[PDB]
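Chains as they are written, first to last, in the entry's author numbering: chain V, 2 to 542; chain 1, 1 to 48; chain X, 3 to 60; chain k, 18 to 131.
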Amino acid sequence: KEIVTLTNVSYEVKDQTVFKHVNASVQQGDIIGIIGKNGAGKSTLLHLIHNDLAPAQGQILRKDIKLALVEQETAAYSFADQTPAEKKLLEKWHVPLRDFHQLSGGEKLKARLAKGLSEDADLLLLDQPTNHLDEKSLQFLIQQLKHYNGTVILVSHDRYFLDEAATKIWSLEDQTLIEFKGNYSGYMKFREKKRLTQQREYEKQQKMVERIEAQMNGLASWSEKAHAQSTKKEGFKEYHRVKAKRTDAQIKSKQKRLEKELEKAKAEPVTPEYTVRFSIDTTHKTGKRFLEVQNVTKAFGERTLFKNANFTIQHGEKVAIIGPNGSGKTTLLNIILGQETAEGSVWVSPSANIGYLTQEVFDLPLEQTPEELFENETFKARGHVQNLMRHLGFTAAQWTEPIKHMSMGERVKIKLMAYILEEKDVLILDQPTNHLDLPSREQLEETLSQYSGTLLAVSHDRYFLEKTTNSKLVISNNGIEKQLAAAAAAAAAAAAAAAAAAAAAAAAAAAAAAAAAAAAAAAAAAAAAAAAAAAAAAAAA
Amino acid sequence: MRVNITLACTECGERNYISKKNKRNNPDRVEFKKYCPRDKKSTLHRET
Amino acid sequence: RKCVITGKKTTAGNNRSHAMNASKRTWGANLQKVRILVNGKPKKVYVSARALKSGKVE
Amino acid sequence: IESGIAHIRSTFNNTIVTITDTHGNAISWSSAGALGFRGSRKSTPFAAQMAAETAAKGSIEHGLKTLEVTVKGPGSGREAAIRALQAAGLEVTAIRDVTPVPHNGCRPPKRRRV
RNA sequence: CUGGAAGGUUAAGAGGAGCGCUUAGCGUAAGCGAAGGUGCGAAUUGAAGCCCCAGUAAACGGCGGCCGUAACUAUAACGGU
RNA sequence: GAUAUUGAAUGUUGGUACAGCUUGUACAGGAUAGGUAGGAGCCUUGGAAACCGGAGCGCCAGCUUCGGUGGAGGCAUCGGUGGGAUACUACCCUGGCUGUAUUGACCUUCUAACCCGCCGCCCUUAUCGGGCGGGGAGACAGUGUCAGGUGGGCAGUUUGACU
RNA sequence: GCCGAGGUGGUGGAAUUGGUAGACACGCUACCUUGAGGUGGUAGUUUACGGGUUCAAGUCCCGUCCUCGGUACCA
Ligand SMILES: Nc1ncnc2c1ncn2[C@@H]1O[C@H](COP(=O)(O)OP(=O)(O)OP(=O)(O)O)[C@@H](O)[C@H]1O
Ligand SMILES: Nc1ncnc2c1ncn2[C@@H]1O[C@H](COP(=O)(O)OP(=O)(O)OP(=O)(O)O)[C@@H](O)[C@H]1O
Numbered sequence: 002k003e004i005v006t007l008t009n010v011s012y013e014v015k016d017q018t019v020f021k022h023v024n025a026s027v028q029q030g031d032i033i034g035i036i037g038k039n040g041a042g043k044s045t046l047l048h049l050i051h052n053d054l055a056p057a058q059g060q061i062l063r064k065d066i067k068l069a070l071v072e073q074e075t076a077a078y079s080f081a082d083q084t085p086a087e088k089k090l091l092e093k094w095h096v097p098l099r100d101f102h103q104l105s106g107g108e109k110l111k112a113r114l115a116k117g118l119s120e121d122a123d124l125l126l127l128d129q130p131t132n133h134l135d136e137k138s139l140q141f142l143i144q145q146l147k148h149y150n151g152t153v154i155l156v157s158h159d160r161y162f163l164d165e166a167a168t169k170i171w172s173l174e175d176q177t178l179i180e181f182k183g184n185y186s187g188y189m190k191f192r193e194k195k196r197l198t199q200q201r202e203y204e205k206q207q208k209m210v211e212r213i214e215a216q217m218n219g220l221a222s223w224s225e226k227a228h229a230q231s232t233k234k235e236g237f238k239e240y241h242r243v244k245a246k247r248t249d250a251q252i253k254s255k256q257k258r259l260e261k262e263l264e265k266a267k268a269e270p271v272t273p274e275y276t277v278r279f280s281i282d283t284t285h286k287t288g289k290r291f292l293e294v295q296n297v298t299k300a301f302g303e304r305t306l307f308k309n310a311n312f313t314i315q316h317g318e319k320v321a322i323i324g325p326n327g328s329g330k331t332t333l334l335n336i337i338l339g340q341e342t343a344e345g346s347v348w349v350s351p352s353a354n355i356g357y358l359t360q361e362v363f364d365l366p367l368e369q370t371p372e373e374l375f376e377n378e379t380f381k382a383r384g385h386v387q388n389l390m391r392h393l394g395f396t397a398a399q400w401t402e403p404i405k406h407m408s409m410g411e412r413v414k415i416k417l418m419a420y421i422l423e424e425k426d427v428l429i430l431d432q433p434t435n436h437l438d439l440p441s442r443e444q445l446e447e448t449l450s451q452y453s454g455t456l457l458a459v460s461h462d463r464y465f466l467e468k469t470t471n472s473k474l475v476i477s478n479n480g481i482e483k484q485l486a487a488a489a490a491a492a493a494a495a496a497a498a499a500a501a502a503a504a505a506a507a508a509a510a511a512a513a514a515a516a517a518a519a520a521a522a523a524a525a526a527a528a529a530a531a532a533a534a535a536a537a538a539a540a541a542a
Numbered sequence: 001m002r003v004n005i006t007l008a009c010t011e012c013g014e015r016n017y018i019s020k021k022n023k024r025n026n027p028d029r030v031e032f033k034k035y036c037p038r039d040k041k042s043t044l045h046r047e048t
Numbered sequence: 003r004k005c006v007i008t009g010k011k012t013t014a015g016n017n018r019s020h021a022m023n024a025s026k027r028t029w030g031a032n033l034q035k036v037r038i039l040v041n042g043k044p045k046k047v048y049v050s051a052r053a054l055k056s057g058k059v060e
Numbered sequence: 018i019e020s021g022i023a024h025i026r027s028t029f030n031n032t033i034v035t036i037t038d039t040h041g042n043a044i045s046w047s048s049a050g051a052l053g054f055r056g057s058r059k060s061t062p063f064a065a066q067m068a069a070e071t072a073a074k075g076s077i078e079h080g081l082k083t084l085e086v087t088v089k090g091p092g093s094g095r096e097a098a099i100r101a102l103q104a105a106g107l108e109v110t111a112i113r114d115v116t117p118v119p120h121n122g123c124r125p126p127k128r129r130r131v
């Protein structure tokens with residue numbers, strides 16, 4: 002059975018109609034996923050079904066009252082530590098309770114989604130559970146939601162999270178919800194196919210329209226001649242004027258057929274796919290040496306993170322910083338960039354222009370217009386510099402909204418534009434890829450590879466860093482681990498040499514035997530026998 | 001765009017009035033005090 | 003073609019389409035020829051399928 | 018099962034080894050391209066060694082231990098694959114060097130540089 | 001046309017979550033209200049067709065432009081798009 | 001396509017109407033504590049500690065059952081932990097197997113309905129049909145109602161005015 | 001004269017108001033390779049015009065010029 006039904010639900014704010022003619026169904030344990038561009042009512046829909054926002058038009062009917070609302074930025078979230086099934090979540094994920102304000106950004110969604118799952122809920126209205134999660138927690142989500150009491154409605158921006166944890170998709174698109182059941186991987190297979198059908202039918206009616214307008218124009222250019230070249234010879238003037246009438250009656254019949262087939266057809270041109278173009282420059286002439294962090298130590302009372310972690314990174318390299326949950330990722334950049342018990346030495350270039358990106362969205366000069374916010378000097382500085390950069394880089398005609406009355410799936414984008422418009426020559430990305438979109442994080446995955454070095458890319462993703470990594474900082478127990486490769490299992494001296502040498506000589510003997518099988522008879526047999534036995538003898542130790 | 005607007009009462013709930021407004025220059029739900037002939041007085045009305 | 007038990011046969015009425023276009027149409031009997039003893043002998047006559055359900059002896 | 022026959026077919030691109038059951042029922046199969054080598058590395062006898070190793074790993078589940086290896090196809094990886102069935106825990110008893118020899122039969126496709 | 005058909009859609013028939021209406025009864029009022037009758041009715045199932053994927057022209061049909069270049073006087077075997 | 005002619009079996013995956021019961025640990029811990037209430041004792045020759053084998057889960061810590069060697073020992077408040085106490089009562093639908101009755105769908109198979117412009121016999125000197133005996137198809141087909149698609153093969157019609 | 005169509009780099013030419021002397025394939029220039037050419041490799045040059053609308057114009061709008069074609073005087 003269903004539980005919640007939607008019919009023609011719309012929404013009106015000061016951009017345009019976000020949302021129109023929305024028909025959907027929540028059922029008894031469906032795993033429904035919202036996909037859509039950010040700012041497209043992705044989480045305004047959740048506040049409509051919560052009755053957190055009152056819809057302008059359309060009827061939203063629900064049956065069971067419990068509506069667990071787990072949003073983005075709930076902004077000094079409460080510490081009502083009640084109904085202790087929450088603390089099971091708060092202790093599988095390895096999160097302490099003790100504070101809220103001194104926590105990193107990584108822990109706070111795991112401590113809000115914790116309280117949200119266990120108040121009591123047969124229906125989850127949650128915004129984005131896949132921001133700042135490591136894979137041991139990202140994997141813990143799917144085992145929650147598979148082993149769960151009811152229906153889940155989530156706004157993922159992940160092709161990763163929906164191959165496992167989806168039954169329906171309520172894709173938001175050009176102001177219209179469309180639902181598709183079954184998966185997300187076959188969902189885009191479904192969309193590309195419907196786009197091919199509508200593109201073929203629009204290409205057909207446009208071609209047919211041009212054909213009938215051409216064959217209508219040829220008849221017109223004959224009717225003009227046949228009317229003007231009468232009254233000359235042979236037959237009075239109405240045997241030849243009737244022929245013009247005979248052609249001009251067809252010239253209207255075909256136009257009436259054209260307009261009737263077009264009113265029955267009504268096949269719209271296909272709306273284009275979404276591109277960003279986005280790119281980067283940062284082409285400044287730069288020195289060599291950037292960051293020498295020697296003998297660093299960071300502690301929080303008794304909570305000790307860093308101890309004597311000596312690493313030195315210079316310009317022109319991809320530095321991926323990976324922490325599974327709470328490795329201080331966000332804390333290191335603050336103690337790279339600042340004072341307050343960076344115990345030891347942190348030297349940085351004095352003339353380097355470090356452009357900083359935060360995990361937390363709490364650095365906006367709020368209630369300002371983006372007009373006053375973005376430095377737009379004269380004429381094309383609004384257009385050629387800025388407004389093109391907005392609309393081309395995901396903005397609508399939203400030149401002046403308040404920037405956290407904005408969408409909050411923007412405002413990462415505002416930070417991003419303010420960086421990339423100006424070629425700051427040093428970036429540090431404290432977790433960029435989580436609020437963004439599958440067309441938005443992709444181009445940042447791309448252009449940051451073509452970026453001209455000195456990047457410190459914290460990312461809890463495993464696939465974003467595959468384009469933006471040369472060296473790694475694996476924060477671990479008792480401080481950093483400056484890795485330049487995988488650096489696992491402590492690459493060795495005697496056994497690895499014996500293994501590689503014996504296998505290479507083994508393949509020598511095997512290829513020597515197998516290239517010519519009956520010649521230089523039998524030394525190879527003793528060779529391969531002794532080498533294979535010695536390989537077993539070396540691997541046995 | 002320009003939309004037809006009904007302005008329902010609050011003391012009576014009765015509709016009683018129509019004028020037009022923008023969805024862009026007036027995006028919020030507009031309210032005025034007009035005369036309610038059921039209430040026989042000036043009353044705050046409300047777009048519905 | 004009429005049933006031998008009851009007077010149930012082909013009638014006629016209208017094919018009323020959408021737009022209420024009155025075409026002219028016939029209504030047949032679900033008759034289903036079987037072997038029954040209408041006389042002392044079985045004779046294999048038409049029956050009807052309304053009259054065949056549990057009433058008349060095969 | 019305990020006994021089976023190992024069909025190796027090594028041709029100038031690939032060396033496919035299928036360890037089957039005596040009246041022809043494949044326990045496990047792996048090729049040189051199944052191991053991951055996509056390019057010309059498919060032709061190297063190391064990939065035939067690796068393919069015999071993977072076929073030997075796959076064969077010893079429900080299982081079998083003593084093989085009987087039939088070499089088919091003109092290639093290079095016959096010797097390494099016979100040796101690698103031994104070193105992966107199996108025994109290779111008979112070696113049937115059976116490449117399909119037509120007597121006169123069908124005519125071949127044309128020689129290449131012409 | 002012919003073939004495929006995993007998948008989307010797609011009827012009536014099936015199903016019956018529910019909402020009305022009536023009503024004994026409970027309610028000083030206001031109103032709520034079981035069972036029944038009865039009006040409507042959502043989720044689900046539901047073919048062929050169509051969307052889709054291939055073949056077929058002695059099937060229906062259709063069969064282009066422009067630019068430069070050779071002992072100059074001209075064209076272009078040629079090349080570009 | 002559904003439905004009616006049109007029923008006889010054998011499996012199938014869902015769901016009820018009667019029924020079996022098992023699955024339960026963030027850490028601290030002697031451990032596997034789901035919680036609400038009683039709780040200072042219970043289990044034992046119709047067998048306890050221990051060993052072992054197997055159905056079963058497992059977040060591989062250790063639990064669960066059943067059977068087989070054993071011979072009088074387990075186990076509970078309290079002791080400790082920590083947010084909360086271990087012997088019955090129920091549930092929680094998280095995670096299975098087995099049977100009865102129907103429920104929907106699908107695959108086979110049967111034959112007695114239906115069908116045979118198949119054979120033989122009789123009515124009968126008959127290429128009709130119809131009785132009997134075989135054979136073949138067989139719940140299909142055909143046929144009736146209901147429905148969708150297709151449908152210029154056919155039908156009624158429309159296809160404006162100024163000039 | 002009227003109607004219909006197009007006017008971009010040396011060339012042919014895509015671009016739904018969102019960055020193009022040009023984004024795409026050729027030419028072209030400077031270098032490399034070669035004995036010297038060719039191929040090949042590296043880097044490099046305001047939308048026919050004039051006036052607006054716009055934060056933004058090849059595009060939206062008003063006018064001028066050119067070329068293709070149909071529609072005429074005449075031979
Ligand atoms: N409260 C508001 N008032 C006016 N305009 C808004 C408001 N909220 C959002 N908008 C506009 O509508 C867009 C969509 O906002 P929405 O409510 O869909 O958030 P969302 O896009 O679902 O969140 P995300 O960006 O993470 O998807 C915003 O980006 C903003 O431009
Ligand atoms: N000022 C502080 N006081 C107390 N604890 C802190 C402080 N700063 C950081 N921590 C602790 O350090 C741990 C890790 O935080 P860190 O700065 O590494 O962010 P993180 O772990 O990467 O999380 P996120 O990925 O959400 O940023 C957290 O558990 C947090 O409680």
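Backbone N, C-alpha and C fix where the C-beta goes; we use that ideal spot for every residue, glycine too.
Three or more beta-carbon pairs separated by less than 8 Å link the stretch 55 to 67 of chain k to the stretch 86 to 98 of chain k, which places the two stretches in contact. Taking 7 Å as the Cβ-Cβ cut-off, the stretch 79 to 91 of chain k has no residue approaching chain V. Excluding five sequence positions before and after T8 (chain X), the CB atoms of its chain that fall closer than 7 Å to its own CB belong to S50 and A53, given in chain order. Interface criterion not met: the Cβ of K21 (chain 1) is under 8 Å from no Cβ in chain V.
Contact check for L365 (chain V) against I404 (chain V) passes: the beta carbons are separated by less than 8 Å. DSSP links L428 (chain V) through a beta bridge to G356 (chain V) and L456 (chain V). For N4 (chain 1), the three-state secondary structure derived from DSSP is strand. A Cβ-Cβ distance of about 6 Å is found for the pair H133 (chain V) and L110 (chain V), placing them in contact under the 8 Å criterion. Between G454 (chain V) and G317 (chain V) a beta carbon distance of about 3 Å is seen, short of the 8 Å cut, so the two are scored as contacting. Rounded to the nearest whole angstrom, the C-alpha separation of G21 (chain k) and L52 (chain k) is 22 Å. Sequence-distant Cβ neighbours of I213 (chain V) in its own chain, meaning closer than 7 Å and more than five residues away, are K255 and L259. Distances from the CB of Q66 (chain k) to the heavy atoms of ligand 2 are all 7 Å or more. Look at the beta carbons and you see the stretch 343 to 351 of chain V not touching the stretch 126 to 144 of chain V: under three pairs across the two are nearer than 8 Å. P27 (chain 1) reaches chain V at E13, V14 and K15, counting residues in chain order whose Cβ is nearer than 9 Å. Taking C-beta separations shorter than 7 Å and ignoring five residues to either side along the sequence, the partners of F54 (chain k) in its chain run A64, following chain order. With a threshold of 16 other beta carbon atoms within 10 Å, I66 (chain V) falls short and is exposed. According to the DSSP assignment, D114 (chain k) belongs to no alpha helix (DSSP H) but to the beta strand (DSSP E) extending over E108 to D114.
When Cβ pairs closer than 8 Å are counted between the two stretches, the stretch 292 to 305 of chain V is seen not to touch the stretch 436 to 447 of chain V, the count staying below three.
For the stretch 509 to 534 of chain V, the set of residues with a beta-carbon nearer than 8 Å to any beta-carbon of chain k comprises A511, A512, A514, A515, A516, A518, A529 and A533, in chain order.
For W348 (chain V), the enclosing beta strand (DSSP E) covers residues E344 to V349.
Within the same chain, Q295, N296, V297 and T298 come within 7 Å of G345 (chain V) by CB-CB distance, once the 5 residues on both sides are set aside.
The straight-line gap separating the alpha-carbon atoms of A227 (chain V) and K253 (chain V) is approximately 17 Å. Pairing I32 (chain V) with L155 (chain V), the inter-Cα distance amounts to about 8 Å. Counting C-beta pairs closer than 8 Å gives three or more between the stretch 28 to 46 of chain 1 and the stretch 3 to 10 of chain 1, which meets the contact rule.
In this structure, the C-beta of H148 (chain V) stays at least 7 Å away from each heavy atom of ligand 1.
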